[PDB]
Structures are given as C-alpha cells and as structure tokens.
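Data block below; observations after.
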Amino acid sequence: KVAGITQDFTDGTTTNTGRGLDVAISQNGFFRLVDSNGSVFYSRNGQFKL
Amino acid sequence: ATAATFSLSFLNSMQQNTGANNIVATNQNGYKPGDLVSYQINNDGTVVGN
C-alpha cells in the first residue's frame with residue numbers, strides 16, 4: 001500500500017532576481033494565499049505580480 | 001445587525017519575563033457564511049464537508 005507521497009522541506013538555493021516583487025522565504029514559514037472562492041492556501045512560490 | 005455579547009478568556013496567559021509582549025493563541029467560535037467547496041471522508045470515518 002502506498003502510505004503517501006511525502007515531501008522534504010529543506011530549502012532550495014535562493015536565486016537572486018533583480019525584480020522587486022520576488023519575495024521568498026528561507027526557513028520554516030509559508031505564505032498564506034486566497035483566491036476568487038475564498039479558500040486558504042499555503043505556498044513557497046516567490047514570484048509575485050499585481 | 002444585533003451586537004455580539006460574549007465572554008473573552010485570558011486564561012493560561014503567563015508573564016514572560018524578558019522579551020517582547022507577544023500573543024500565542026487567539027481563537028473565537030464565531031464564523032462567516034461558508035457556502036460549499038468540497039467534502040471528504042477521513043481515516044476515522046468522519047464524513048466532513050469543507
């Protein structure tokens with residue numbers, strides 16, 4: 001039986017891109033996100049826009 | 001709308017001694033209208049909709 005698809009949480013390499021809206025964590029946190037239906041979400045994806 | 005009249009509980013709040021005045025756990029038993037998004041069975045059998 002597949003018990004589950006587990007995933008490790010060591011951080012990656014922080015690649016510096018000069019664009020300003022590219023905030024990414026390097027330790028245990030997660031970003032909190034919603035969308036058009038009002039659901040909670042959590043990410044580490046860095047690149048952001050308006 | 002009528003005003004909420006409730007009891008606020010500062011129990012288990014202790015006095016940390018050097019540091020910053022900081023809050024650990026806020027919780028409240030009121031909520032918003034949540035329409036429907038999904039439903040799931042859990043491993044103990046709690047058929048539960050989100």
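Numbering starts fresh at 1 for the residues of each chain in the structure tokens, the chains themselves are lettered A, B, ... in the order given, and ligands are numbered from 1 as they appear.
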
Next item on the list: Please report as a PyMOL selection string which residues of chain B come no farther than 10 Å from chain A, using only C-alpha atoms.
Entry: chain B and resi 34-37+50

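All residues of protein, DNA or RNA that reach within 12 Å of region 4-20 of chain A, judged by only C-alpha atoms and not counting those fewer than 3 positions away in the chain, are residues 1, 23, 24, 25, 26, 27, 28, 29, 30, 44, 45, 46, 47, 48, 49 and 50 of chain A.
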
Margin query: Could you tell me how far CA of residue 33 (chain B) sits from CA of residue 46 (chain B), in Å to one decimal place?
Written below: 21.9 Å

Next item on the list: Pick out the residues sitting within 12 Å of region 21-31 of chain B, and hand them over as number ranges by chain; count only C-alpha atoms, and ignore anything fewer than 3 positions along from it in its own chain.
Entry: B: 4-18, 34-35

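Inside chain A, the residues DSSP reads as strand (DSSP E) when given the backbone are residues 31, 32, 33, 41, 42 and 43 of chain A.
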